[PDB]
Colleague: 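Here it is, the structure, as structure tokens.
Chain identifiers are assigned alphabetically (A, B, ...) following the order of the sequence lines, protein sequences preceding nucleic acid strands; residue numbering begins at 1 within each chain. Both backbone and side-chain heavy atoms feed into the values below; hydrogens, waters and symmetry mates do not.
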Amino acid sequence: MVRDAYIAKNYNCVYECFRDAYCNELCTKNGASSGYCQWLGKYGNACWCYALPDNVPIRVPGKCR
Amino acid sequence: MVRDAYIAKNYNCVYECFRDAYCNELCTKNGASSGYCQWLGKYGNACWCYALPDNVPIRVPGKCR
Amino acid sequence: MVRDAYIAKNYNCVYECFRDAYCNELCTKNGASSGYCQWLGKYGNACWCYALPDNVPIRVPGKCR
Ligand SMILES: CC#CC#CC#C[N+](C)(C)C
Ligand SMILES: CCCCCC[N+](C)(C)CO
Ligand SMILES: CCCCCC[N+](C)(C)CO
Ligand SMILES: CCCCCC[N+](C)(C)CO
Ligand SMILES: [Cl-]
Ligand SMILES: [Cl-]
Ligand SMILES: [Cl-]
Ligand SMILES: [Cl-]
Ligand SMILES: [Cl-]
Ligand SMILES: [Cl-]
Ligand SMILES: [Cl-]
Ligand SMILES: [Cl-]
Ligand SMILES: [Cl-]
């Protein structure tokens with residue numbers, strides 16, 4: 001299954017960003033259809049991916065550790 | 001079927017917004033993959049949903065009533 | 001197959017834009033689920049389409065000619 005989400009890294013942490021292309025490269029390398037750099041969002045300036053496969057971790061409620 | 005669209009409420013009216021998370025919560029609660037708050041768009045500052053199921057009303061050409 | 005991409009015109013050139021609705025109309029007329037006007041991106045201010053069918057050309061690495 002796929003989902004639109006903030007791609008995460010160890011452990012439960014978003015990827016920050018400035019440029020859309022940075023996030024699109026990151027997200028698509030990880031199987032998403034595309035992604036972009038969301039500014040001033042829930043997790044600050046962070047990468048949002050569309051249709052990211054569920055073998056890739058995502059940000060969920062809770063702490064980044 | 002699903003479509004990308006402005007989610008609507010009675011009758012043929014968009015949801016205004018400030019924050020992306022507001023729209024993402026609204027859109028996903030209604031079955032969309034995600035959504036965001038479009039600023040300065042066709043209907044002002046309004047929620048846009050990706051892959052919103054067709055059992056949820058959307059904004060179509062015409063008046064909000 | 002579909003892909004998220006910059007819709008292109010002859011030859012390997014993006015469509016520039018100001019308004020999201022301009023790009024959404026262009027992209028959806030060409031079979032995409034939606035599109036928007038990306039500002040200050042890889043190709044300047046240009047139209048990005050979601051789920052654009054592969055019978056529509058897209059921007060790929062290289063020169064616009
Ligand atoms: C300023 C600004 C801005 C923006 C944006 C966006 C988007 N998509 C990727 C959700 C369509
Ligand atoms: C007003 C200028 C907008 C450029 C910033 C674009 N983002 C990187 C925030 C795309 O979501
Ligand atoms: C230039 C700062 C951008 C933050 C606004 C982001 N929106 C809420 C308009 C996202 O589309
Ligand atoms: C800060 C105001 C944002 C309006 C510009 C929106 N775009 C046309 C860049 C949408 O991506
Ligand atoms: Cl985080
Ligand atoms: Cl943004
Ligand atoms: Cl927020
Ligand atoms: Cl309205
Ligand atoms: Cl916007
Ligand atoms: Cl408009
Ligand atoms: Cl170009
Ligand atoms: Cl943008
Ligand atoms: Cl760039």
Side-chain angles (χ1 to χ4, degrees), chain A residues 2-5 19-25 27-28 31-39 47-52, chain B residues 1-8 14-15 17 20 23-24 27-28 30-54 56-62, chain C residues 1-62 64-65:
Chain A
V2 300
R3 60 280 200 261
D4 299 351
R19 296 188 303 130
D20 287 339
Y22 171 81
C23 300
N24 191 53
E25 291 162 15
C27 292
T28 62
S33 63
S34 67
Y36 80 106
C37 183
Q38 182 192 46
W39 286 7
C47 291
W48 179 265
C49 304
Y50 289 98
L52 188 68
Chain B
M1 300 271 303
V2 300
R3 60 280 200 261
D4 299 351
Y6 300 98
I7 185 168
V14 303
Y15 287 75
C17 58
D20 287 339
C23 300
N24 191 53
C27 292
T28 62
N30 286 280
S33 63
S34 67
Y36 80 106
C37 183
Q38 182 192 46
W39 286 7
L40 298 180
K42 181 173 183 179
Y43 297 106
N45 294 175
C47 291
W48 179 265
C49 304
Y50 289 98
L52 188 68
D54 71 5
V56 184
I58 62 165
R59 188 64 160 85
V60 301
Chain C
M1 300 271 303
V2 300
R3 60 280 200 261
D4 299 351
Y6 300 98
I7 185 168
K9 58 191 188 73
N10 283 348
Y11 295 94
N12 199 32
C13 303
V14 303
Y15 287 75
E16 288 191 354
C17 58
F18 184 62
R19 296 188 303 130
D20 287 339
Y22 171 81
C23 300
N24 191 53
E25 291 162 15
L26 174 63
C27 292
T28 62
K29 283 175 187 166
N30 286 280
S33 63
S34 67
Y36 80 106
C37 183
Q38 182 192 46
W39 286 7
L40 298 180
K42 181 173 183 179
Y43 297 106
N45 294 175
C47 291
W48 179 265
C49 304
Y50 289 98
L52 188 68
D54 71 5
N55 64 347
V56 184
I58 62 165
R59 188 64 160 85
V60 301
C64 158
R65 306 171 188 278

Colleague: Please report the closest heavy-atom contact between C:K9 and C:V14, naming both atoms and the distance.
Modeller: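 In terms of heavy atoms, the two residues are closest at CE-O, 3.6 Å.
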Colleague: Could you give the distance from CZ (C:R65) to CG (C:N12), rounded to the nearest 0.5 Å?
Modeller: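 Between atom CZ of C:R65 and atom CG of C:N12 there are 8.0 Å.
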Colleague: Nearest 0.5 Å please: distance from the CG atom of C:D4 over to the OG atom of C:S33.
Modeller: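 The distance works out to 7.0 Å.
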Colleague: Do C:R3 and C:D54 come close enough that some side-chain heavy atom pair is under 4.5 Å?
Modeller: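 In contact.
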Colleague: Between B:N24 (side chain) and B:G35 (backbone), is there a donor-acceptor pair under 3.5 Å?
Modeller: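 A pair under 3.5 Å: yes.
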Colleague: Mind listing the closest non-hydrogen atom pair of C:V60 and C:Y43 along with its distance?
Modeller: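 Heavy-atom minimum between the residues: O-OH, 4.2 Å.
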Colleague: Measure the shortest side-chain to side-chain distance between C:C37 and C:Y22 over non-hydrogen atoms and say whether it is less than 4.5 angstrom.
Modeller: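 No - every pair of side-chain heavy atoms lies 4.5 Å or more apart.
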Colleague: Do C:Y15 and C:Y6 touch side chain to side chain, with heavy atoms closer than 4.5 Å?
Modeller: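 Result no, sub-4.5 Å side-chain heavy-atom pair not found.
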Colleague: Would you say C:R59 and C:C64 make side-chain contact, with heavy atoms under 4.5 Å?
Modeller: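 Yes, close enough: below the 4.5 Å cut-off.
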Colleague: Heavy atoms, side chains only, cut-off 4.5 Å: are B:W48 and C:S34 in contact?
Modeller: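 The answer is yes; the side chains approach within 4.5 Å.
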Colleague: Which pair of non-hydrogen atoms, one from B:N45 and one from B:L40, has the smallest distance, and what is that distance?
Modeller: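 That would be ND2-N, 2.9 Å.
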Colleague: So which atom in C:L52 and which in C:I58 form the shortest heavy-atom distance, rounded to 0.1 Å?
Modeller: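 Heavy-atom minimum between the residues: CD2-CG2, 3.7 Å.
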Colleague: I need the minimum non-hydrogen distance between C:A32 and C:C49, along with the two atoms involved.
Modeller: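 Closest heavy-atom pair between C:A32 and C:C49: CB-CB, 4.0 Å.
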Colleague: Mind listing the closest non-hydrogen atom pair of C:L26 and C:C47 along with its distance?
Modeller: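 Shortest heavy-atom contact: CD2-SG, 4.1 Å.
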